[PDB]
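Student: For reference, the file work_22.pdb (PDB, C-alpha atoms) is included below:
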MODEL        1
ATOM      1  CA  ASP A   1      -7.472  16.552  -8.243  1.00  0.00           C
ATOM      2  CA  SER A   2      -4.264  15.197  -9.765  1.00  0.00           C
ATOM      3  CA  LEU A   3      -2.131  18.308  -9.191  1.00  0.00           C
ATOM      4  CA  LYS A   4      -2.750  18.291  -5.430  1.00  0.00           C
ATOM      5  CA  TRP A   5      -1.769  14.618  -5.272  1.00  0.00           C
ATOM      6  CA  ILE A   6       1.370  15.401  -7.290  1.00  0.00           C
ATOM      7  CA  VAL A   7       2.290  18.172  -4.840  1.00  0.00           C
ATOM      8  CA  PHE A   8       1.711  15.893  -1.852  1.00  0.00           C
ATOM      9  CA  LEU A   9       3.716  13.046  -3.400  1.00  0.00           C
ATOM     10  CA  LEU A  10       6.604  15.424  -4.108  1.00  0.00           C
ATOM     11  CA  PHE A  11       6.431  16.538  -0.470  1.00  0.00           C
ATOM     12  CA  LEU A  12       6.597  12.879   0.579  1.00  0.00           C
ATOM     13  CA  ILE A  13       9.609  12.388  -1.705  1.00  0.00           C
ATOM     14  CA  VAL A  14      11.288  15.371  -0.026  1.00  0.00           C
ATOM     15  CA  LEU A  15      10.619  13.835   3.395  1.00  0.00           C
ATOM     16  CA  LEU A  16      12.019  10.487   2.238  1.00  0.00           C
ATOM     17  CA  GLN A  17      15.148  12.198   0.868  1.00  0.00           C
ATOM     18  CA  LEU A  18      15.540  13.875   4.271  1.00  0.00           C
ATOM     19  CA  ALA A  19      15.262  10.467   5.946  1.00  0.00           C
ATOM     20  CA  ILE A  20      17.942   9.095   3.538  1.00  0.00           C
ATOM     21  CA  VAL A  21      20.390  11.928   4.480  1.00  0.00           C
ATOM     22  CA  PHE A  22      19.875  11.267   8.241  1.00  0.00           C
ATOM     23  CA  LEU A  23      20.498   7.496   7.810  1.00  0.00           C
ATOM     24  CA  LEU A  24      23.591   8.100   5.591  1.00  0.00           C
TER      25      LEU A  24
ATOM     26  CA  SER B   2      -1.162  12.111 -18.575  1.00  0.00           C
ATOM     27  CA  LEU B   3      -1.701  13.336 -15.015  1.00  0.00           C
ATOM     28  CA  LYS B   4      -2.755   9.849 -13.901  1.00  0.00           C
ATOM     29  CA  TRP B   5       0.494   8.424 -15.284  1.00  0.00           C
ATOM     30  CA  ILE B   6       2.475  11.104 -13.435  1.00  0.00           C
ATOM     31  CA  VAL B   7       0.686  10.279 -10.171  1.00  0.00           C
ATOM     32  CA  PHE B   8       1.255   6.539 -10.667  1.00  0.00           C
ATOM     33  CA  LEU B   9       4.959   7.012 -11.421  1.00  0.00           C
ATOM     34  CA  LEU B  10       5.357   9.294  -8.396  1.00  0.00           C
ATOM     35  CA  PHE B  11       3.683   6.641  -6.233  1.00  0.00           C
ATOM     36  CA  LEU B  12       6.137   4.057  -7.575  1.00  0.00           C
ATOM     37  CA  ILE B  13       9.011   6.445  -6.807  1.00  0.00           C
ATOM     38  CA  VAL B  14       7.693   6.848  -3.251  1.00  0.00           C
ATOM     39  CA  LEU B  15       7.544   3.066  -2.824  1.00  0.00           C
ATOM     40  CA  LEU B  16      11.110   2.701  -4.115  1.00  0.00           C
ATOM     41  CA  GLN B  17      12.295   5.468  -1.775  1.00  0.00           C
ATOM     42  CA  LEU B  18      10.667   3.616   1.127  1.00  0.00           C
ATOM     43  CA  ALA B  19      12.496   0.463   0.028  1.00  0.00           C
ATOM     44  CA  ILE B  20      15.766   2.428  -0.068  1.00  0.00           C
ATOM     45  CA  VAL B  21      15.133   3.744   3.453  1.00  0.00           C
ATOM     46  CA  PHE B  22      14.449   0.200   4.667  1.00  0.00           C
ATOM     47  CA  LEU B  23      17.663  -1.065   3.059  1.00  0.00           C
ATOM     48  CA  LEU B  24      19.668   1.811   4.562  1.00  0.00           C
ATOM     49  CA  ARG B  25      18.310   1.047   8.041  1.00  0.00           C
ATOM     50  CA  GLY B  26      19.915  -2.404   7.966  1.00  0.00           C
TER      51      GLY B  26
ATOM     52  CA  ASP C   1       4.943  17.790 -25.791  1.00  0.00           C
ATOM     53  CA  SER C   2       6.296  18.582 -22.327  1.00  0.00           C
ATOM     54  CA  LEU C   3       3.963  16.133 -20.557  1.00  0.00           C
ATOM     55  CA  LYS C   4       5.352  13.202 -22.551  1.00  0.00           C
ATOM     56  CA  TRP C   5       8.892  14.230 -21.599  1.00  0.00           C
ATOM     57  CA  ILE C   6       7.850  14.509 -17.940  1.00  0.00           C
ATOM     58  CA  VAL C   7       6.336  11.014 -17.990  1.00  0.00           C
ATOM     59  CA  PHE C   8       9.370   9.542 -19.767  1.00  0.00           C
ATOM     60  CA  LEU C   9      11.769  11.178 -17.301  1.00  0.00           C
ATOM     61  CA  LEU C  10       9.726   9.851 -14.374  1.00  0.00           C
ATOM     62  CA  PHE C  11       9.900   6.364 -15.900  1.00  0.00           C
ATOM     63  CA  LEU C  12      13.682   6.712 -16.208  1.00  0.00           C
ATOM     64  CA  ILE C  13      13.806   7.831 -12.567  1.00  0.00           C
ATOM     65  CA  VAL C  14      11.823   4.727 -11.579  1.00  0.00           C
ATOM     66  CA  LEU C  15      14.310   2.516 -13.427  1.00  0.00           C
ATOM     67  CA  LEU C  16      17.247   4.281 -11.760  1.00  0.00           C
ATOM     68  CA  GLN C  17      15.616   3.839  -8.341  1.00  0.00           C
ATOM     69  CA  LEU C  18      15.312   0.126  -9.113  1.00  0.00           C
ATOM     70  CA  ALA C  19      19.018   0.120  -9.990  1.00  0.00           C
ATOM     71  CA  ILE C  20      19.862   1.834  -6.690  1.00  0.00           C
ATOM     72  CA  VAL C  21      17.759  -0.708  -4.778  1.00  0.00           C
ATOM     73  CA  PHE C  22      19.573  -3.544  -6.560  1.00  0.00           C
ATOM     74  CA  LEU C  23      22.947  -2.003  -5.697  1.00  0.00           C
ATOM     75  CA  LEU C  24      21.962  -1.575  -2.041  1.00  0.00           C
ATOM     76  CA  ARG C  25      20.700  -5.167  -1.766  1.00  0.00           C
TER      77      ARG C  25
ATOM     78  CA  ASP D   1       7.335  28.600 -18.654  1.00  0.00           C
ATOM     79  CA  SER D   2       6.798  26.212 -15.756  1.00  0.00           C
ATOM     80  CA  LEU D   3       6.636  23.009 -17.831  1.00  0.00           C
ATOM     81  CA  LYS D   4      10.074  23.512 -19.391  1.00  0.00           C
ATOM     82  CA  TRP D   5      11.554  24.283 -15.969  1.00  0.00           C
ATOM     83  CA  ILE D   6       9.957  21.089 -14.623  1.00  0.00           C
ATOM     84  CA  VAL D   7      11.497  19.125 -17.504  1.00  0.00           C
ATOM     85  CA  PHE D   8      14.909  20.670 -16.798  1.00  0.00           C
ATOM     86  CA  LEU D   9      14.673  19.866 -13.081  1.00  0.00           C
ATOM     87  CA  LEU D  10      13.687  16.269 -13.866  1.00  0.00           C
ATOM     88  CA  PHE D  11      16.669  16.019 -16.224  1.00  0.00           C
ATOM     89  CA  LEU D  12      18.911  17.244 -13.398  1.00  0.00           C
ATOM     90  CA  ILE D  13      17.347  14.631 -11.106  1.00  0.00           C
ATOM     91  CA  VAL D  14      18.110  11.918 -13.677  1.00  0.00           C
ATOM     92  CA  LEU D  15      21.723  13.100 -13.945  1.00  0.00           C
ATOM     93  CA  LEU D  16      22.097  13.074 -10.156  1.00  0.00           C
ATOM     94  CA  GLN D  17      20.581   9.579  -9.994  1.00  0.00           C
ATOM     95  CA  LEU D  18      23.158   8.417 -12.545  1.00  0.00           C
ATOM     96  CA  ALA D  19      25.899  10.012 -10.431  1.00  0.00           C
ATOM     97  CA  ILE D  20      24.559   8.217  -7.338  1.00  0.00           C
ATOM     98  CA  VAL D  21      24.579   4.896  -9.208  1.00  0.00           C
ATOM     99  CA  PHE D  22      28.155   5.508 -10.365  1.00  0.00           C
ATOM    100  CA  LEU D  23      29.275   6.343  -6.818  1.00  0.00           C
ATOM    101  CA  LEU D  24      27.555   3.227  -5.449  1.00  0.00           C
ATOM    102  CA  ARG D  25      29.275   1.112  -8.120  1.00  0.00           C
TER     103      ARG D  25
ATOM    104  CA  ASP E   1      -0.734  28.000  -7.839  1.00  0.00           C
ATOM    105  CA  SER E   2       0.143  24.307  -7.649  1.00  0.00           C
ATOM    106  CA  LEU E   3       2.688  24.514 -10.488  1.00  0.00           C
ATOM    107  CA  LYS E   4       4.878  26.862  -8.444  1.00  0.00           C
ATOM    108  CA  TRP E   5       4.759  24.390  -5.552  1.00  0.00           C
ATOM    109  CA  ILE E   6       5.682  21.549  -7.922  1.00  0.00           C
ATOM    110  CA  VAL E   7       8.667  23.533  -9.220  1.00  0.00           C
ATOM    111  CA  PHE E   8       9.794  24.421  -5.689  1.00  0.00           C
ATOM    112  CA  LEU E   9       9.503  20.812  -4.510  1.00  0.00           C
ATOM    113  CA  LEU E  10      11.495  19.613  -7.528  1.00  0.00           C
ATOM    114  CA  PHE E  11      14.150  22.200  -6.659  1.00  0.00           C
ATOM    115  CA  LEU E  12      14.233  20.854  -3.095  1.00  0.00           C
ATOM    116  CA  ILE E  13      14.575  17.312  -4.465  1.00  0.00           C
ATOM    117  CA  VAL E  14      17.513  18.473  -6.597  1.00  0.00           C
ATOM    118  CA  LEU E  15      19.154  20.056  -3.546  1.00  0.00           C
ATOM    119  CA  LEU E  16      18.658  16.874  -1.518  1.00  0.00           C
ATOM    120  CA  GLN E  17      20.148  14.782  -4.351  1.00  0.00           C
ATOM    121  CA  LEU E  18      23.157  17.118  -4.305  1.00  0.00           C
ATOM    122  CA  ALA E  19      23.446  16.602  -0.543  1.00  0.00           C
ATOM    123  CA  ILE E  20      23.210  12.822  -1.001  1.00  0.00           C
ATOM    124  CA  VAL E  21      25.981  12.915  -3.617  1.00  0.00           C
ATOM    125  CA  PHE E  22      28.136  15.054  -1.317  1.00  0.00           C
ATOM    126  CA  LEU E  23      27.641  12.596   1.551  1.00  0.00           C
ATOM    127  CA  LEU E  24      28.374   9.609  -0.703  1.00  0.00           C
ATOM    128  CA  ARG E  25      31.658  11.012  -2.054  1.00  0.00           C
TER     129      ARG E  25
ENDMDL
END
Please express what this file holds, its structure, as structure tokens.

Tutor:
Amino acid sequence: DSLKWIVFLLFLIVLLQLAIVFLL
Amino acid sequence: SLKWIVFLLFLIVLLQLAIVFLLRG
Amino acid sequence: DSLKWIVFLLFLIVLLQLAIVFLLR
Amino acid sequence: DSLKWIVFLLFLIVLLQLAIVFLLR
Amino acid sequence: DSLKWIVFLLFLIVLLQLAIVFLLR
């Protein structure tokens, strides 16, 4: 459903923010 | 409304990937 | 309606991500 | 409820994005 | 419930934005 995709996309955004902190 | 939220989150993910790519180089 | 506010805020976030990408480029 | 807390967190995210843009500029 | 996970992930995103701002300044 849509809520599961929202949760997964937020998890991906968290991972991408982690990658941004490492590169900074 | 949920479809719009999913689409906007997907766009945000794409933009975050672009930001990561720009930060790499 | 909270869903409309959520969608509008996500759209604003998309625009701000575009601004950040432009600044990084 | 959860929706209002989500709206508040998204508003905080927008504020932090604006701060990031200001720091980059 | 998925709403609790959404709220927690938004909180994590807020924390990571705070960390990004701290690193930028």

Student: What do you get, as a list in words, if you spell out every residue that the PyMOL selection byres ((chain B) within 8 of (chain A)) selects here?

Tutor: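 Evaluating the PyMOL selection byres ((chain B) within 8 of (chain A)) on this file yields residues 3, 4, 6, 7, 10, 11, 13, 14, 17, 18, 20, 21, 24 and 25 of chain B.
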
Student: Pairing every Cα of chain D with chain C in order, what RMSD remains after the least-squares superposition?

Tutor: 0.2 Å

Student: Enter the distance from CA of residue 16 in chain D to CA of residue 18 in chain E, in Å, rounded to one decimal.

Tutor: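 Between CA of residue 16 in chain D and CA of residue 18 in chain E the gap is 7.2 Å.
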
Student: Please, which residues of chain D lie no more than 9 Å from chain C when the count uses all atoms listed in the file, and can they be set out as a PyMOL selection string?

Tutor: chain D and resi 3-4+6-7+10-11+13-14+17-18+20-21+24-25
